[PDB]
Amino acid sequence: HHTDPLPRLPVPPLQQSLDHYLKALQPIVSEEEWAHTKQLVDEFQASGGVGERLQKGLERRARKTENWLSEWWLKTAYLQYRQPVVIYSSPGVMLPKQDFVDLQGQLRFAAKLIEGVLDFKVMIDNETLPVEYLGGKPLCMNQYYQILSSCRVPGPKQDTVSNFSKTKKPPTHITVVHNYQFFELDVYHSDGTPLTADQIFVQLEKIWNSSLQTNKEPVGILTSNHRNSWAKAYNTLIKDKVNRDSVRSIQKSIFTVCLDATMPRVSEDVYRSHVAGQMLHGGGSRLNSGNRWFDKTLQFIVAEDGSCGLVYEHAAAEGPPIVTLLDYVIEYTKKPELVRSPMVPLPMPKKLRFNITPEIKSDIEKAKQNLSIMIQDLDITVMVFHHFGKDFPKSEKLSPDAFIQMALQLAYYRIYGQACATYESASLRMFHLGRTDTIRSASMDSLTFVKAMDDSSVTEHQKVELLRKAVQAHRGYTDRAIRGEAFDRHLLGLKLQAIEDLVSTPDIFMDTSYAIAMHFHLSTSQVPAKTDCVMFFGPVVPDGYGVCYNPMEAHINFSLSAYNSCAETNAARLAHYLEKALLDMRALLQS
């Protein structure tokens, strides 16, 4: 007894996408590049040309697959991408800081966290998750079955994702890591009932007392390295039988819990952003970065000072399902405990040891060095925008997300004097196995709006009109992307279809304009959550920013990242300008 299957991801018409492409280039390429590109696009879609053939191939593909894009996207965005997953790929989440002030409180909370994960897991194992809906239509729930009991596995050419969640006898253990030492924690009794919060606590105390030592090699930091380096250190590491079993238990574990040491000083105004770094990368090879296995799809982190969150491996996951999980887990942690499984003898959780050799020690040192370089190059800021949230744009009958996106467009322009390639993530969950597509926030509408906004010679009435029209156009683009009518994945599909067809890369993809279009100086996503949390990730280009936010009713949590390698970007500076742009838009509309 079930409802019908979801629609399949559509292949958009070629002309509809190339026109949208040409529309989207206008604000970010020169007059001369635009005209060249239009000629290129004309040769491309020409009757009897390269583009028509590639489009028939996609149409073919969609007929033969459940989702024409899914393998391609997994592979090109993640598994064949060989930069470290840390910062460049795995997004982190920072929770409100918890109350606890002593180890009991810390391990109690971790205990409840684990209980909540296992409760959510019931619906996962059973496939009884309440289906999520959008606009009265159901959304694909497939991503929720790719989060637990899974792990990325390094490979020589590309990586893979192992999922043990539906094996004949699925894992019943989690892994816990503390002072770089990993432990296998069984979280179900022989009868298949979960341990209780109290039983989890007792076991965590054993794990804590078994890992007090701080001079153990941080093997886990190897997972933070370039994927080709890590693929090599990985094979070295698991030559040893014990080492292999330890990795194995980590990879198979339902999820990982990191019991973090507290960070250094921090200015007291640089804190929120230091904790964000802690969640994203660990803070450094001397800090918690080796208290981690970055291949693990789900890592929860509980620090000594109350600082909490997670970091997730992105390859098969997206933000919203991860924060649904998180929202559930946190709200579980505040529910009354009801039924206390009877006292029983509890075994000693197994410490998962590593035999280190001079070689493994050398990989570790090299990994510490690489990570230090990455962390040192990362500029991240967290801004809480307190003046308003969804409430204000809602009162103006404007989409709050489109409003925020236009504010960011305005900020960028006030700093840089021009528009830039901007990505906003769109969820394609209305379709079977759908992941994401690209909303392009820089448009002639936004450009006209931002150029006019500070022009003393334009009337306020004119400015308001252009504002409402930029915001509303962005909402239109947003809704089209979510219905499968955007073009970026379609263009990527055309390119990959070319490789399939044994032809060279089409000229439109080697053009001037396409690199500029694909070079996102602003890489963004809205990730709404019931919990007052924020998500963050690194920029996708050396000279760009990563922007992620959680709009609540009366405030908005923002994170912004940049690389220090590029003196012209400054996360905190963009954050200030973004605060001012939101303020200036509300003021303009209310005058």
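Don't overthink the numbering: it's just position in the shown sequence, from 1.
Visitor: Comparing 542 to 550 with 60 to 68, where is the mean C-alpha B-factor higher?
Guide: Per the PDB record, 60 to 68.
Visitor: Averaging the C-alpha B factors as listed in the entry, name the stretch that ends up higher: 554 to 562 or 42 to 50.
Guide: For C-alpha atoms only, the mean B-factor is higher in 42 to 50.
Visitor: Take the CA temperature factors straight from the PDB entry and tell me which of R286, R480, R82, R440 peaks.
Guide: Highest CA B-factor of the listed options: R286.
Visitor: Among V131, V302, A317, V464, where is the Cα B factor highest in this entry?
Guide: Among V131, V302, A317, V464, the PDB entry lists the largest C-alpha B-factor for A317.
Visitor: Would you please rank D379 by its C-alpha temperature factor against the other modelled residues of its chain and give the third it falls in: lowest, middle or highest?
Guide: Highest third of the chain for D379's C-alpha B-factor.
Visitor: For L22, does the deposited CA B-factor place it in the lowest, middle or highest third of the chain?
Guide: For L22, the deposited C-alpha B-factor lands in the highest third.
Visitor: Consider only the C-alpha atoms of the modelled residues in this chain, order them by B-factor as the entry records it, and name the third containing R244: lowest, middle or highest.
Guide: Middle third by C-alpha B-factor.
Visitor: Ranking every modelled residue in this chain by its Cα temperature factor as given in the entry, which third contains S525?
Guide: Lowest third, going by the recorded CA B-factors of the chain.
Visitor: Tell me, lowest, middle or highest third: where does the Cα B factor of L574 rank within its chain?
Guide: CA B-factor rank for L574: lowest third.
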